[PDB]
């Protein structure tokens, strides 16, 4: 088990870099434009690859010239596309990303093409013996739970030595996804999902939502400039201060850089404290760079 699998989205991010965020009905002119391979799992993959970890992407892709750019990006990164669930009905999703240069804030206007999501069926044809770790980006909850149950089942039939570690990301404040809370050894819950539940801090969110996690699972919550916090079976709250760059220029994919760096550090067998710190470290380095090149 040498690879890390990331199940989720691949999107074409059409990035416009603005000197100030536009006012409604205004006609701003951007400083620079760029095309970049997006989607949470696709970003985590980039980050993992840059960190030296052999990784594989699994997500739906619609053949076309857009997919040709995305696939070429994965291949240039060394991201294994073999497990890609190629669809026939639909187009590859795209998004319009306004990056405010003065603060690094990112505004994503997503076009979800209604492409069929990766199903338990697509997941059943996957050889789980090559994977050290598997990360699922919370989208089709009910169907992903079937992929999650399939991993638990494989793990029981395996020695503690060659067991697959699982991580789950709850990013959007969707009720269907709160069932995944749930599964996986490491559960990543976004600051957005936390505020949706009436939690005003990462520690509030952790203490409040730990009940919802599997026995032995680590619940992780990043809180932008406030750093990130973790809560494991011991009940001890772990915290990492952020690593902000002096000039924050691009936060697009920062949360993904966080996730992949926590998964990476924990995959390398480091403490949750060390992994929390490293997550913040790599996410913070990224926030001072455009794209993902230069974080290591």
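Positions refer to the first chain, counted from 1. Note that the rigid core is defined as the largest set of C-alphas that superpose within 1.5 Å between two forms.
Between 277 to 285 and 10 to 18, which one strays more from this form in 8 other deposited structures of this protein if you match the rigid core and compare Cα atoms?
Higher average C-alpha offset in 8 other deposited structures of this protein goes to 10 to 18.
Compare 267 to 275 with 22 to 30 and report which one shows the larger root mean square C-alpha deviation from this form in 8 other deposited structures of this protein once the rigid core is superposed.
Greater root mean square C-alpha distance in 8 other deposited structures of this protein: 22 to 30.
According to the deposited model, is the average Cα temperature factor higher in 23 to 31 or in 233 to 241?
Between 233 to 241 and 23 to 31, it is 23 to 31 that shows the higher mean C-alpha B-factor.
Looking at the deposited entry, does 113 to 121 or 74 to 82 carry the larger mean Cα B-factor?
According to the entry, 113 to 121 carries the higher average C-alpha B-factor.
For the listed residues 64, 253, 269, 246, which one has the largest C-alpha B-factor as given in the deposited model?
The listed residue with the largest C-alpha B-factor is 64.
Among the choices 220, 145, 97, 136, identify the one whose CA B-factor in the record is greatest.
Of the candidates given, the C-alpha B-factor peaks at 145.
Name the third of the chain's ranked CA B-factors that contains residue 193, choosing lowest, middle or highest.
Middle third by C-alpha B-factor.
Considering every modelled residue of the chain and its Cα B-factor in the PDB entry, is residue 296 in the lowest, middle or highest third?
Tercile = highest for this residue's CA B-factor.
Assigned third (lowest, middle, highest) for the C-alpha B factor of residue 164
Tercile = highest for this residue's CA B-factor.
Based on the entry's values, in what third of the chain does the Cα temperature factor of residue 126 lie: lowest, middle or highest?
It belongs to the highest third of the chain when residues are ordered by C-alpha B-factor.
If you rank the chain by CA B-factor, which third does residue 151 end up in: lowest, middle or highest?
For residue 151, the deposited C-alpha B-factor lands in the highest third.
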